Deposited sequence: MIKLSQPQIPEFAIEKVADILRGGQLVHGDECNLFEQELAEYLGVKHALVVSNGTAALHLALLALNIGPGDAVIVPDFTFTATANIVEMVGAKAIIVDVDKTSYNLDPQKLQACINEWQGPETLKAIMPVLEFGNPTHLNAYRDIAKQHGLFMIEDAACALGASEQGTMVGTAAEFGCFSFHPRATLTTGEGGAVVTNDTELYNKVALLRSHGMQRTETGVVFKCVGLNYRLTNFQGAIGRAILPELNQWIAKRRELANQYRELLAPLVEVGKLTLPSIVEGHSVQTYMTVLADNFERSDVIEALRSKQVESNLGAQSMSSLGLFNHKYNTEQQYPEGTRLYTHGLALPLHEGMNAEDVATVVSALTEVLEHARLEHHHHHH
């Protein structure tokens, strides 16, 4: 099977994990602390904190910003369900705004309209744009819009570590950036994530919330908190991969260019559309959109039988019945709905070569012919 991902953890990292298990510290230790330092340096951001997973990162960002009951946060229609779920979990309401069809990211015009029209009853406190599939498109616009309207911005950069727009590293534009180290995420720790910020007060708050409100001095419990700590052995894995991330992103960009060339016939005859792999895109996922006449579920099944793993890219929040703020049924979300219904992620990861891309395109061509 040509898979959506197939992370290769360096053997020296496996050996380090074994050493840690055999005779090292298991909870967050030197490996996690060094990983944080190295992540911060990589991003050019003041602070990083590693955490249990990318959902945990978003959760902690919301909590550190005192977003909760009585509040609202804008999310894109097209994203993984965690983005909207985690807003609701802290007691806030997820306010859905459509994405644009080119980038698959929160549409800045529709975002402006939502903010402009907002009059409560909840207090609109934040935007949570997703840099979907590694696409940084609109990063700086989101920052500008948040600043214009006095909103916090939490980047859901789950799939976008290493991406950048116009000199701004994704995750670093405003209050918080949140990353995932799920096995689809290029840098993986099995489960894992990170919260980054340039604001030391926010860093200190997240550090408390991550581990029971504990401040080292002996230990003082400063506030109520959670446990979202990453193990030291997970940290070891991640920091072993980080020095390779740029090379892996470069490889993914080359593979994407191969897809762009090989898929042009299918585009020209109208059977699908391509993602727009802009400068700074980290190519975490390569999602096409099939023409309406194809049943996407049947295409996935047929590709599986031809040893190609494919899937939808992400969900349409408005389609799920979970985010029932009044705003969310005042208009339709045609772009996110199209991407949810017709989107098709094709394998693209650093373990593939150009021949593997040709294999996938051959299989897809065959399936869409018959």
| query | finding |
| --- | --- |
| Deposited-sequence segments unaccounted for in the coordinates | 218-219, 373-382 |
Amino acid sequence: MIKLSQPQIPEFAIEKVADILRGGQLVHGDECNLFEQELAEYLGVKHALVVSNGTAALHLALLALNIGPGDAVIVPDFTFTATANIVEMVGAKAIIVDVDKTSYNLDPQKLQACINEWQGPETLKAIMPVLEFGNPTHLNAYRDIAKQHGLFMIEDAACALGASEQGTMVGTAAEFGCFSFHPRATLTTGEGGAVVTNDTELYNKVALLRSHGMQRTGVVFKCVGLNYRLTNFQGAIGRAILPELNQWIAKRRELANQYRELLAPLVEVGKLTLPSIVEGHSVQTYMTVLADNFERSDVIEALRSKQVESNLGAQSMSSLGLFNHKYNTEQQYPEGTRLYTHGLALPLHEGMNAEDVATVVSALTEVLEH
From here on, numbers count along this sequence of modelled residues.
{"query": "Between the two ranges 288-296 and 74-82, the one averaging a larger CA B factor in the entry", "finding": "288-296"}
{"query": "Stretch exceeding the other in mean C-alpha B-factor - 329-337, 38-46", "finding": "329-337"}
{"query": "Member of 175, 98, 117, 191 with the greatest C-alpha B factor (per the PDB record)", "finding": "117"}
{"query": "Selection by C-alpha B-factor (highest) of 195, 154, 274, 269", "finding": "269"}
{"query": "Chain-wide C-alpha B factor ranking for residue 320, given as lowest, middle or highest third", "finding": "highest"}
{"query": "For residue 133, the third of its chain into which the C-alpha B factor falls", "finding": "lowest"}
{"query": "Chain-relative CA temperature factor third for residue 150", "finding": "middle"}
{"query": "Third of chain Cα B-factors occupied by residue 207", "finding": "lowest"}
{"query": "Where the record places residue 93 (Cα B-factor, split into thirds across the chain)", "finding": "lowest"}
